[PDB]
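Undergrad: Here it is: the structure, laid out below.
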Amino acid sequence: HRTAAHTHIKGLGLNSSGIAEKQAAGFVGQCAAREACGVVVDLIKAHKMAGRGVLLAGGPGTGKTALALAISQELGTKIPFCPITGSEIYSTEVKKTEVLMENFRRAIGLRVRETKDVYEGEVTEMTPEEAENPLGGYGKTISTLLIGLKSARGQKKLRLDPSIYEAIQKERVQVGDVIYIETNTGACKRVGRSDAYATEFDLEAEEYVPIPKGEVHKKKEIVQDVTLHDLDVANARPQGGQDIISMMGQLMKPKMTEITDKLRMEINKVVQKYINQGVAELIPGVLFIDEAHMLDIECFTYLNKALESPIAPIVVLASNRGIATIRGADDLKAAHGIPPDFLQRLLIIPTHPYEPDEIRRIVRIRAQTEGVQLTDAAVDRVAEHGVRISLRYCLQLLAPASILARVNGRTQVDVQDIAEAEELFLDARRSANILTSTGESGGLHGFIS
Amino acid sequence: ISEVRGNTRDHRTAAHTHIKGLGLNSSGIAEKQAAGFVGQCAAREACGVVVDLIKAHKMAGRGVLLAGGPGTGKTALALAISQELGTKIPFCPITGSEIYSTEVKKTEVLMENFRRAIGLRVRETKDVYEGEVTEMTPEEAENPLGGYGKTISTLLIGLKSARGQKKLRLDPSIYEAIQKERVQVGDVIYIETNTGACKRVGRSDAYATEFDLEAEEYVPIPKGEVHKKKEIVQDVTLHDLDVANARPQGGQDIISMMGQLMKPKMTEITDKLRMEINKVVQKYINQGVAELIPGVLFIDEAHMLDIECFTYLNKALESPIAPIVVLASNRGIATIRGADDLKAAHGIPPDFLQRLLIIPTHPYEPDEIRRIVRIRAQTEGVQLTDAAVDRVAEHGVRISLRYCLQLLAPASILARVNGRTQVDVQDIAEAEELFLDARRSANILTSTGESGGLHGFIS
Amino acid sequence: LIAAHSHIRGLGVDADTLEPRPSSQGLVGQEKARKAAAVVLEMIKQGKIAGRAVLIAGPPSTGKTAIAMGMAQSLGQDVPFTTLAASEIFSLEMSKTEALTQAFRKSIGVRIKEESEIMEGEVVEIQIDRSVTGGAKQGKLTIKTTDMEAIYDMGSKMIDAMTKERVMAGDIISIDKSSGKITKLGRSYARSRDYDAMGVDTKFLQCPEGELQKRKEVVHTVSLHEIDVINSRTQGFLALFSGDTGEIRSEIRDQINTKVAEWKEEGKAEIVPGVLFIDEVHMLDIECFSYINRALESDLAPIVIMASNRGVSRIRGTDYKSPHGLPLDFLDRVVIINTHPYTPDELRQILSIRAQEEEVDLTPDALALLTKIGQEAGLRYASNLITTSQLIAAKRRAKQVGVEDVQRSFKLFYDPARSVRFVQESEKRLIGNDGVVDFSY
Amino acid sequence: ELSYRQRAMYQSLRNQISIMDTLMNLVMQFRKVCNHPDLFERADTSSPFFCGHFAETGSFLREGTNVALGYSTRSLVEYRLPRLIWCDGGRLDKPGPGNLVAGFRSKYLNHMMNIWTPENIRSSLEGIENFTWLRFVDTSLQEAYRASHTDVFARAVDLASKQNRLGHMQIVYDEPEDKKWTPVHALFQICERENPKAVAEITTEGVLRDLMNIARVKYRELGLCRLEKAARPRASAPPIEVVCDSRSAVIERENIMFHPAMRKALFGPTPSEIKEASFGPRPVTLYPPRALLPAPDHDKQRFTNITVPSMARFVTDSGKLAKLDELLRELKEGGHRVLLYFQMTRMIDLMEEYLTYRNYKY
Amino acid sequence: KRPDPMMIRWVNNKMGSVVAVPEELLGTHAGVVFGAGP
Ligand SMILES: Nc1ncnc2c1ncn2[C@@H]1O[C@H](COP(=O)(O)OP(=O)(O)O)[C@@H](O)[C@H]1O
Ligand SMILES: Nc1ncnc2c1ncn2[C@@H]1O[C@H](COP(=O)(O)OP(=O)(O)O)[C@@H](O)[C@H]1O
Ligand SMILES: Nc1ncnc2c1ncn2[C@@H]1O[C@H](COP(=O)(O)OP(=O)(O)O)[C@@H](O)[C@H]1O
């Protein structure tokens with residue numbers, strides 16, 4: 001609903017033959033790059049390949065990120081699209097290669113069938129039974145609970161393990177409550193009071209809920225979407241048991257941990273069981289590393305091994321930089337800011353500047369996307385920028401010009417409202433002239449160097 | 001128990017013990033020497049206006065710079081400002097070096113000290129009954145509840161203090177507190193009227209002889225009235241409100257209690273918390289139940305702050321609740337700690353310097369140094385011949401004020417060791433030979449460390 | 001108290017035409033910049049467009065912060081306005097990227113509505129039953145209006161509140177049934193005399209009228225950051241305030257973004273996007289700029305406003321300079337506002353407002369001299385001399401600040417340029433950049 | 001229009017128009033989801049994916065009316081260790097045959113040559129010796145010894161028993177005559193004897209009391225304790241376990257992972273202990289003596305990630321039902337009881353559930 | 001209905017308040033405060 005830099009992008013706008021329509025799905029031009037991005041979408045949808053690298057190469061403002069977000073829409077919601085900047089990699093909690101691995105496994109999805117095996121009923125009896133321990137000093141301990149559950153199809157009496165009674169107790173269950181018990185986890189939920197004895201005069205603000213219809217014991221099945229990283233985090237910070245470690249692990253502050261290769265390898269074995277059991281579909285996705293020049297030579301040297309993994313997502317890099325110094329490696333310059341070792345691994349999709357008529361087309365697509373009804377002379381004015389100034393400066397003027405026009409009572413933006421927008425809101429280059437002319441000498445009114 | 005010592009309550013003397021104030025007329029003009037100062041009449045008069053700026057509650061977020069060479073009395077002036085304000089107004093001194101914590105970001109460390117320099121004065125009434133329990137006695141009710149057989153309409157408690165005792169009629173619900181707290185006759189308790197509950201201090205030491213062994217210490221009978229109703233005035237800083245909200249102290253759960261058993265690590269207190277604290281504070285100020293009492297954050301060697309500290313201080317000083325900041329600096333024109341391409345005066349960024357009222361501190365004349373030697377000697381308790389005074393003052397001209405003040409104690413030792421109740425030239429001429437200044441020692445270095453060598457200094 | 005910007009009470013523009021008045025709402029001059037900020041301010045209020053970065057640029061002073069503070073006043077309390085100093089981002093508890101993510105998400109409000117239900121009545125009786133040696137508690141509240149009496153059962157949480165509040169018969173109380181909070185409004189009976197230590201007798205009140213229960217629609221605004229913190233945790237929601245929150249995982253934010261959209265479609269919530277103002281933005285690193293530039297591109301990005309004093313200046317964390325000290329591919333995404341140094345009549349009008357805000361009665365010649373000082377020493381220094389001259393005038397019991405007081409203040413307190421000369425005139429006695437100094441006379 | 005729940009499922013199933021033909025079968029389920037999505041998939045109480053093993057019930061008919069619910073939950077990640085490592089002395093701290101070091105080392109390092117043992121402390125209790133201060137810290141040699149050997153959890157349980165008596169002294173020993181009295185064996189607990197926190201709780205104008213509770217109050221006043229959860233973990237698992245083919249491992253698993261003393265401390269006194277303590281002739285101090293498990297910060301979600309579907313969610317999950325809700329309230333104020341006709345019979349059941357929620361009448 | 005053996009009951013109204021004690025707690029330590037210990 002809110003309008004942002006890419007709201008006009010809907011897809012790659014390809015034909016069924018995989019040729020790009022010169023203006024489609026919000027794009028103008030980049031056709032060869034949109035066609036290359038189509039073949040990458042085909043590489044992703046065909047699950048067979050792991051750890052292929054793509055680099056979107058091209059100057060700033062050439063639509064590299066629009067291409068990546070268009071890929072994210074051609075893949076649709078089912079496939080994991082995992083966007084990060086290279087500046088997100090420097091965590092204070094864990095080594096930066098941990099964050100890369102977390103993002104690699106976040107980009108691999110799993111859809112898995114799960115059977116939840118549960119008891120539901122109104123608690124009609126609850127009777128604890130206990131033992132006098134030998135002198136351990138903590139005193140007597142509850143040995144078991146007997147609990148009666150009533151549903152619509154009769155009732156059942158449960159002799160609970162005291163580990164499950166601790167779930168019942170920390171859930172503050174009472175006689176006459178309706179509860180859900182999940183035998184998968186031993187976990188408990190108090191659903192409410194019964195709608196029986198649902199008198200109004202409680203300060204407790206109870207939710208009275210109807211007696212569970214059906215059998216008191218149920219075995220529902222549901223389909224869960226999870227990533228491999230979701231499993232890593234679940235097994236590294238255990239929280240689903242009723243044991244003391246799981247219990248205290250919900251009271252401690254959450255913190256990221258450098259999950260070992262040993263854990264990740266053994267979760268591959270677990271997930272492959274789900275595949276062989278036929279309860280899971282593996283759905284590998286894509287990791288978009290934007291601003292990949294902000295990675296460093298340790299990140300890039302780790303990515304070598306990470307991409308060689310027998311399962312890894314597709315990685316799409318984007319970079320906007322020429323021959324530049326590699327970060328963390330001030331001795332080494334290379335094109336794109338990517339090490340010459342790593343660049344050999346990628347397929348480079350070069351991305352090119354727009355022509356003036358393409359800028360005019362983009363300005364009109366962008367204007368109507370924002371709902372800026374804009375006259376043709378006003379379109380031509382805005383498209384003189386983008387040629388003489390960055391393309392982004394065109395698109396950013398459309399909103400001020402709309403405000404100024406409507407403040408002038410106009411229904412639509414004239415050349416006048418842009419010419420005022422051009423004056424209130426400078427480009428970087430005109431501001432850079434103001435600096436060099438005003439800061440031409442120091443003083444009270446000078447700019448600070 | 002403890003064996004009290006009857007000896008005289010004297011005091012240690014430090015480098016600033018002679019300073020007692022700014023030494024100003026009621027017209028604010030500096031007296032040429034007064035309150036331990038000699039000279040600096042301009043800087044003392046300027047600090048006197050700063051003192052009146054602080055005592056007037058219009059000030060928020062003003063900045064001061066004390067600018068001048070080493071030895072020029074900038075720290076003396078800051079301490080004199082603090083003494084002119086007294087104890088009722090916060091003075092929070094730090095160096096710029098203290099901001100480089102390992103445990104939170106340095107903008108948090110600075111904002112803590114920034115809020116330490118802001119006080120709050122809250123007036124409330126304490127209202128309690130207290131004493132040794134002389135009695136506990138139920139009053140049986142007129143209309144007992146069916147099926148219970150016991151029904152009490154009042155519990156009566158006798159409380160004795162040193163200053164009297166009272167028969168106290170209490171709502172029977174206090175049974176809950178007494179039974180949990182295990183109050184007994186001869187225990188010292190108080191009743192607080194905002195709850196009607198009671199708390200036990202201990203057993204009265206009138207009963208310390210009840211047994212050959214009992215496993216509690218006894219406590220004295222309360223020496224006040226049996227009933228206290230007092231206004232109480234609480235010194236609070238806003239930083240105290242930060243910590244008290246951001247880490248509650250009294251929590252009775254395992255994670256709270258494990259928390260209070262482990263080091264109380266600082267945390268990066270949110271601006272959302274601080275901004276809500278301010279709003280509730282301003283509410284209670286508008287109710288008139290509290291005074292705000294903004295004080296002084298004094299940062300010495302402020303040239304040790306870096307450009308990240310200074311840029312945060314811009315935002316901090318713009319806060320509507322803020323202390324005054326007084327900076328001191330001696331760094332000439334020098335490189336900004338965090339902006340190695342940028343040099344500026346005082347080592348303060350030109351952006352920030354424009355905010356400060358600069359106060360310059362100048363050097364001292366030979367006759368002022370001599371007067372300082374006189375003031376220092378009588379403060380250390382040393383007494384000098386005039387020729388010893390003049391010899392010390394001559395080193396003050398040729399070397400440094402600080403060095404000469406540091407000769408007084410060594411020479412006093414040597415005088416009394418030689419049996420003399422006053423120091424003379426023969427002792428000064430000896431103190432100055434045992435204890436070199438930096439220059440004479442630097443000459444020894446310059447001669448001896450001309451090269452590597454078996455007996456060479458290490459360069 | 002009176003702070004550096006306490007006189008700024010708005011942007012000072014005609015709400016219809018966005019024409020800046022030459023002086024109103026405490027702002028003076030900067031008309032081109034104030035109109036530009038007024039267009040930004042309107043596209044903030046409209047909410048429609050996300051992720052606009054506007055840089056306010058100018059020399060020191062010239063009101064760039066004052067303009068940003070005028071915008072904040074004109075939005076009022078409801079729209080979020082997250083002030084951030086760029087030096088806050090260098091946390092030890094979280095990365096710069098996470099610190100920026102939190103600062104963005106602090107600037108988007110979620111405005112959530114609920115129907116509470118409340119009670120208002122006289123307590124006729126209380127019964128509480130307590131298990132000896134603790135554990136369970138039970139009770140009944142009998143509560144009354146002029147028109148109803150009813151008996152409500154009480155749970156332990158309510159009995160704790162009742163006893164903490166020391167509720168008694170004859171109290172007038174209100175209970176928010178949804179939150180469970182209790183407040184005593186007053187008493188209808190006298191305070192009794194049979195017992196001691198009953199404490200303060202609160203306000204007398206007539207008994208409440210009408211029904212006991214009343215529904216009450218209430219609205220609460222919470223940040224996306226506050227939703228993040230409590231949904232990344234089971235326990236420890238004080239991290240909203242203590243700042244103990246770590247680097248929150250992106251799975252939690254992705255879920256919250258999806259749910260807040262759903263809450264908007266459900267009509268449960270309104271999203272109210274506000275402003276992140278990054279002052280001193282030149283203090284960020286290249287790594288921070290290469291995060292903001294793509295953080296802006298999201299549908300939930302706030303409007304970002306920045307201020308810089310810097311010329312063509314070195315970018316932090318790299319070897320090279322750029323305009324404003326900001327990377328060019330960052331400035332590509334920015335529309336820039338330029339503020340201009342004030343004229344003497346603008347200086348005079350500002351100093352008159354500062355004088356009026358501080359309640360200082362300048363003589364006309366003192367205002368003229370402060371204006372002359374303002375031209376040569378600067379607006380901040382000339383402002384500092386106003387409060388200083390008021391104090392000096394109070395020493396001589398003067399009813400107005402005379403020229404003598406401004407001259408006396410000018411004498412006692414140096415301006416920056418004079419202090420720079422003082423430093424240059426004492427290069428031997430101040431510590432140099434070489435660390436050398438001479439202590440002798 | 002369609003609610004987002006309808007819109008998502010409808011779009012996914014109408015996408016099959018591109019795949020197949022079956023059109024009648026598809027357009028039938030168009031009409032289904034466009035009436036209410038709970039006709040197509042019922043919203044029901046749900047929880048994260050469980051990445052763990054559990055014992056399935058194989059039959060309901062054979063189960064009967066009385067059944068024992070064991071805690072079956074185990075990790076699928078499963079660390080096989082030989083008993084030579086896990087039981088027969090590859091754990092250096094576990095004494096036995098083979099591990100001949102551990103028995104000596106435990107006695108000598110924890111007791112004989114341990115500085116906190118009372119006999120060692122007592123030799124160091126005067127003058128400049130390293131325990132000189134222990135006279136003025138309120139601990140005994142026994143408490144110091146305990147606090148140096150028990151872990152932070154056990155020490156925190158011991159704190160639960162204690163009375164903050166130095167805070168009460170601050171209320172009583174106020175006056176110049178009281179000399180701010182402090183028991184000399186607590187002399188060094190300065191910050192406990194002088195602390196505004198105690199005074200702020202006794203003054204009747206709660207001004208500083210409220211100023212110290214600002215954060216907890218506004219957190220609660222914002223409703224963050226009651227607002228629905230916007231996220232939860234997508235997967236959940238129990239702890240990884242050692243698997244060792246020995247009985248000692250099974251005992252030691254129960255001793256650690258289901259630690260009785262920690263659990264008893266968290267969950268408090270057992271009901272018979274409460275009975276014994278309340279009916280006894282003389283008072284007795286229970287263990288621990290209370291439940292030391294904290295209150296959950298989320299007053300409704302508590303300690304589990306299980307969600308229950310709201311009826312308000314059910315109402316808004318159908319665009320027709322959401323639109324009809326306004327029309328039915330208008331029709332109620334127009335004087336009409338509910339009367340509607342449906343092409344799908346199961347929709348009548350959902351409307352009966354809707355009406356029994358709303359308590360409007362047919 | 002005969003009252004619970006261990007819930008002590010406080011009730012407050014216009015007449016002030018009372019505490020009533022179960023017959024089972026008289027002769028226990030909880031009776032000592034009420035004059036009805038062992
Ligand atoms: N071919 C195109 N068609 C339509 N819009 C485009 C095209 N290329 C770029 N844009 C738009 O121009 C703006 C800048 O493009 P962007 O992807 O940010 O460039 P880069 O990521 O390389 O800096 C965005 O609003 C983007 O949606
Ligand atoms: N005007 C003065 N009158 C009296 N004593 C002074 C004066 N100025 C400095 N001193 C004393 O001489 C020493 C040098 O002053 P100090 O404030 O330490 O210098 P700086 O500000 O450079 O650190 C201190 O012991 C100080 O107390
Ligand atoms: N146009 C103006 N109207 C009123 N006060 C102003 C104006 N410009 C600056 N000021 C005041 O002068 C001081 C300096 O302006 P400020 O906004 O801090 O400049 P900077 O851009 O350096 O932050 C502040 O106290 C500010 O309130």
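Residues in the structure tokens are numbered from 1 in each chain, the chains being A, B, ... in the order shown, and ligands are numbered from 1 in the order shown.
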Need to verify the contact set: stretch 265-273 of chain D, 6 Å, only C-alpha atoms, exclusion of same-chain residues closer than 6 positions in sequence. Can you return it as a count of residues only?
TA: 5
Undergrad: Can you tell me, as a list in words, what residues are no more than 7 Å from stretch 175-187 of chain D when counting only C-alpha atoms, ignoring any on the same chain fewer than 5 positions away?
TA: residues 223 and 224 of chain B; 135, 136, 137 and 138 of chain D
Undergrad: Neighbours of residue B:180 within 10 Å (only C-alpha atoms; same-chain residues fewer than 5 positions away dropped), as an mmCIF file with C-alpha atoms, in the first residue's frame?
TA:
data_model
loop_
_atom_site.group_PDB
_atom_site.id
_atom_site.type_symbol
_atom_site.label_atom_id
_atom_site.label_comp_id
_atom_site.auth_asym_id
_atom_site.auth_seq_id
_atom_site.Cartn_x
_atom_site.Cartn_y
_atom_site.Cartn_z
ATOM 1 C CA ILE B 174 -2.340 -8.230 60.803
ATOM 2 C CA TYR B 175 -2.473 -11.873 61.964
ATOM 3 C CA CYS B 198 4.315 -5.307 60.149
ATOM 4 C CA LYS B 199 7.999 -6.153 59.840
ATOM 5 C CA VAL C 132 -2.027 -20.930 56.191
ATOM 6 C CA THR C 133 1.598 -21.359 55.073
ATOM 7 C CA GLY C 134 0.752 -19.596 51.828
ATOM 8 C CA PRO D 283 5.784 -23.673 63.022
#
Undergrad: Chain C residues within 10 Å of chain D, counting only C-alpha atoms: which ones, as a compact mmCIF listing (two decimals) with N, CA and C atoms, in the first residue's frame?
TA:
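part03.txt, freshly written:
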# COMPACT_ATOMS: atom_id res chain seq x y z
N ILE C 112 -2.81 0.38 18.13
CA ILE C 112 -3.68 -0.76 18.37
C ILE C 112 -4.83 -0.33 19.26
N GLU C 114 -8.29 -1.49 21.53
CA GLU C 114 -9.00 -2.56 22.21
C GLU C 114 -10.19 -1.98 22.97
N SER C 131 -4.91 -19.54 52.69
CA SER C 131 -4.26 -20.77 53.13
C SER C 131 -3.12 -20.44 54.08
N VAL C 132 -3.17 -21.00 55.29
CA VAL C 132 -2.03 -20.93 56.19
C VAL C 132 -0.82 -21.60 55.53
N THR C 133 0.36 -21.04 55.79
CA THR C 133 1.60 -21.36 55.07
C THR C 133 1.48 -21.09 53.57
N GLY C 134 0.72 -20.07 53.20
CA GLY C 134 0.75 -19.60 51.83
C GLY C 134 0.08 -20.51 50.81
N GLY C 135 0.40 -20.24 49.55
CA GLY C 135 -0.33 -20.84 48.45
C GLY C 135 -1.65 -20.14 48.16
N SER C 178 -9.79 -5.93 32.18
CA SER C 178 -8.88 -6.52 31.20
C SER C 178 -7.44 -6.53 31.71
N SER C 179 -6.96 -5.41 32.25
CA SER C 179 -5.62 -5.40 32.82
C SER C 179 -5.57 -5.85 34.27
N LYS C 181 -5.86 -3.83 36.84
CA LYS C 181 -5.42 -2.77 37.74
C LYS C 181 -6.60 -2.21 38.54
N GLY C 199 -4.44 4.73 58.34
CA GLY C 199 -3.83 5.62 57.38
C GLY C 199 -4.74 6.70 56.81
N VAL C 200 -4.29 7.26 55.69
CA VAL C 200 -4.88 8.47 55.13
C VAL C 200 -6.33 8.25 54.72
N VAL C 219 -6.97 3.11 23.05
CA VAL C 219 -6.02 2.97 21.96
C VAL C 219 -4.61 3.13 22.50
N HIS C 220 -3.71 2.22 22.10
CA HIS C 220 -2.32 2.23 22.51
C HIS C 220 -1.44 2.21 21.27
N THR C 221 -0.39 3.03 21.27
CA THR C 221 0.60 3.03 20.20
C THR C 221 1.90 2.40 20.67
N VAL C 222 2.40 1.44 19.90
CA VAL C 222 3.64 0.72 20.19
C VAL C 222 4.49 0.70 18.93
N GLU C 226 9.17 -2.31 19.71
CA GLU C 226 8.63 -2.85 20.95
C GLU C 226 7.93 -4.18 20.74
N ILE C 227 7.27 -4.35 19.59
CA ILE C 227 6.76 -5.66 19.20
C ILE C 227 7.89 -6.65 18.94
N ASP C 228 8.98 -6.20 18.31
CA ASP C 228 10.14 -7.06 18.12
C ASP C 228 10.66 -7.62 19.44
N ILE C 230 9.49 -8.00 22.59
CA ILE C 230 8.65 -8.95 23.31
C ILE C 230 8.31 -10.20 22.53
N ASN C 231 8.53 -10.23 21.22
CA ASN C 231 8.29 -11.43 20.43
C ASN C 231 9.55 -12.22 20.12
N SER C 232 10.72 -11.68 20.44
CA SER C 232 11.97 -12.43 20.37
C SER C 232 12.29 -13.15 21.67
N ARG C 233 11.40 -13.08 22.67
CA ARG C 233 11.71 -13.50 24.02
C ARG C 233 10.50 -14.22 24.61
N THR C 234 10.77 -15.14 25.54
CA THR C 234 9.72 -15.57 26.47
C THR C 234 9.60 -14.62 27.65
N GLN C 235 10.73 -14.09 28.13
CA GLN C 235 10.80 -13.46 29.43
C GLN C 235 11.85 -12.36 29.37
N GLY C 236 11.73 -11.38 30.25
CA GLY C 236 12.69 -10.29 30.25
C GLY C 236 12.29 -9.11 29.39
N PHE C 237 11.00 -8.79 29.35
CA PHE C 237 10.51 -7.69 28.53
C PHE C 237 10.93 -6.32 29.05
N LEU C 238 11.62 -6.25 30.19
CA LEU C 238 12.28 -5.01 30.60
C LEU C 238 13.33 -4.55 29.59
N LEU C 240 12.80 -3.74 26.79
CA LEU C 240 12.22 -2.55 26.18
C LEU C 240 12.84 -1.27 26.74
N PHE C 241 13.32 -1.32 27.98
CA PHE C 241 13.71 -0.13 28.73
C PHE C 241 15.17 -0.17 29.14
N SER C 242 15.64 -1.31 29.66
CA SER C 242 17.04 -1.46 30.02
C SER C 242 17.96 -1.52 28.81
N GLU C 251 14.26 -13.78 11.43
CA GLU C 251 13.03 -14.55 11.38
C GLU C 251 11.92 -13.92 12.20
N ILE C 252 12.26 -13.34 13.36
CA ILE C 252 11.26 -12.72 14.21
C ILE C 252 10.68 -11.47 13.56
N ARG C 253 11.53 -10.66 12.94
CA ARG C 253 11.09 -9.45 12.25
C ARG C 253 10.27 -9.77 11.00
N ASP C 254 10.72 -10.73 10.19
CA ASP C 254 9.94 -11.19 9.05
C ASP C 254 8.54 -11.63 9.44
N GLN C 255 8.41 -12.39 10.53
CA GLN C 255 7.10 -12.76 11.05
C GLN C 255 6.29 -11.54 11.49
N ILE C 256 6.91 -10.63 12.23
CA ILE C 256 6.21 -9.44 12.72
C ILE C 256 5.75 -8.55 11.58
N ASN C 257 6.58 -8.40 10.54
CA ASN C 257 6.17 -7.62 9.38
C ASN C 257 4.93 -8.22 8.72
N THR C 258 4.92 -9.54 8.56
CA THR C 258 3.75 -10.23 8.03
C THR C 258 2.52 -10.04 8.92
N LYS C 259 2.67 -10.22 10.23
CA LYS C 259 1.54 -10.10 11.15
C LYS C 259 1.00 -8.67 11.24
N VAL C 260 1.87 -7.66 11.24
CA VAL C 260 1.38 -6.29 11.33
C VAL C 260 0.61 -5.90 10.08
N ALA C 261 1.04 -6.39 8.91
CA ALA C 261 0.23 -6.27 7.70
C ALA C 261 -1.14 -6.92 7.87
N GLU C 262 -1.17 -8.16 8.38
CA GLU C 262 -2.43 -8.83 8.66
C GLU C 262 -3.29 -8.08 9.68
N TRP C 263 -2.67 -7.55 10.74
CA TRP C 263 -3.43 -6.73 11.69
C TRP C 263 -4.00 -5.47 11.05
N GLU C 265 -4.91 -5.32 7.70
CA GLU C 265 -6.05 -5.83 6.93
C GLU C 265 -7.22 -6.21 7.83
N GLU C 266 -6.94 -6.77 9.01
CA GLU C 266 -8.00 -7.04 9.97
C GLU C 266 -8.63 -5.77 10.53
N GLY C 267 -7.98 -4.63 10.36
CA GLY C 267 -8.43 -3.41 11.00
C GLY C 267 -8.15 -3.35 12.48
Undergrad: For residue A:115, work out the shell of residues within 8 Å, counting only C-alpha atoms and skipping chain neighbours fewer than 5 positions away, then give it as a list in words.
TA: residues 219, 220, 221 and 222 of chain A
Undergrad: Write out, as a PDB file, in the first residue's frame, the residues just selected, with C-alpha atoms.
TA:
ATOM      1  CA  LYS A 219      -4.409 -37.022  16.398  1.00  0.00           C
ATOM      2  CA  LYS A 220      -4.596 -34.028  14.040  1.00  0.00           C
ATOM      3  CA  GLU A 221      -2.138 -33.546  11.164  1.00  0.00           C
ATOM      4  CA  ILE A 222      -0.804 -30.208   9.880  1.00  0.00           C
TER       5      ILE A 222
END
Undergrad: Residues near residue C:145, anyone? I mean within 7 Å using only C-alpha atoms, not counting same-chain ones fewer than 2 positions away, as a list in words.
TA: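 Near neighbours after the sequence-gap exclusion: residues 121, 122, 147, 148, 149, 207, 208, 209, 210 and 212 of chain C.
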Undergrad: How would the residues just picked look written out with N, CA and C atoms as an mmCIF file, in the first residue's frame?
TA:
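Full text of again-v6.cif as output:
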data_model
loop_
_atom_site.group_PDB
_atom_site.id
_atom_site.type_symbol
_atom_site.label_atom_id
_atom_site.label_comp_id
_atom_site.auth_asym_id
_atom_site.auth_seq_id
_atom_site.Cartn_x
_atom_site.Cartn_y
_atom_site.Cartn_z
ATOM 1 N N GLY C 121 -17.618 1.377 41.502
ATOM 2 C CA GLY C 121 -18.595 1.158 42.550
ATOM 3 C C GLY C 121 -18.010 1.288 43.938
ATOM 4 N N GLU C 122 -18.910 1.486 44.901
ATOM 5 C CA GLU C 122 -18.584 1.375 46.318
ATOM 6 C C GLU C 122 -18.434 -0.079 46.745
ATOM 7 N N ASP C 147 -27.496 1.922 41.938
ATOM 8 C CA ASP C 147 -28.467 1.188 41.140
ATOM 9 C C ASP C 147 -28.234 -0.317 41.111
ATOM 10 N N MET C 148 -27.079 -0.805 41.564
ATOM 11 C CA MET C 148 -26.774 -2.227 41.537
ATOM 12 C C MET C 148 -25.995 -2.626 42.781
ATOM 13 N N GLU C 149 -26.132 -3.897 43.153
ATOM 14 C CA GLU C 149 -25.162 -4.598 43.984
ATOM 15 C C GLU C 149 -24.891 -5.961 43.366
ATOM 16 N N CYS C 207 -21.442 7.939 45.903
ATOM 17 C CA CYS C 207 -21.424 6.636 45.253
ATOM 18 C C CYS C 207 -21.582 6.781 43.739
ATOM 19 N N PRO C 208 -20.816 6.026 42.950
ATOM 20 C CA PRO C 208 -21.036 5.991 41.499
ATOM 21 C C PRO C 208 -22.463 5.604 41.135
ATOM 22 N N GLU C 209 -22.925 6.129 40.006
ATOM 23 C CA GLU C 209 -24.259 5.854 39.493
ATOM 24 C C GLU C 209 -24.200 4.878 38.319
ATOM 25 N N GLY C 210 -25.378 4.395 37.930
ATOM 26 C CA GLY C 210 -25.530 3.547 36.763
ATOM 27 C C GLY C 210 -25.115 2.101 36.982
ATOM 28 N N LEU C 212 -22.602 -1.205 37.017
ATOM 29 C CA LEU C 212 -21.243 -1.478 37.475
ATOM 30 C C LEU C 212 -20.271 -1.601 36.307
#
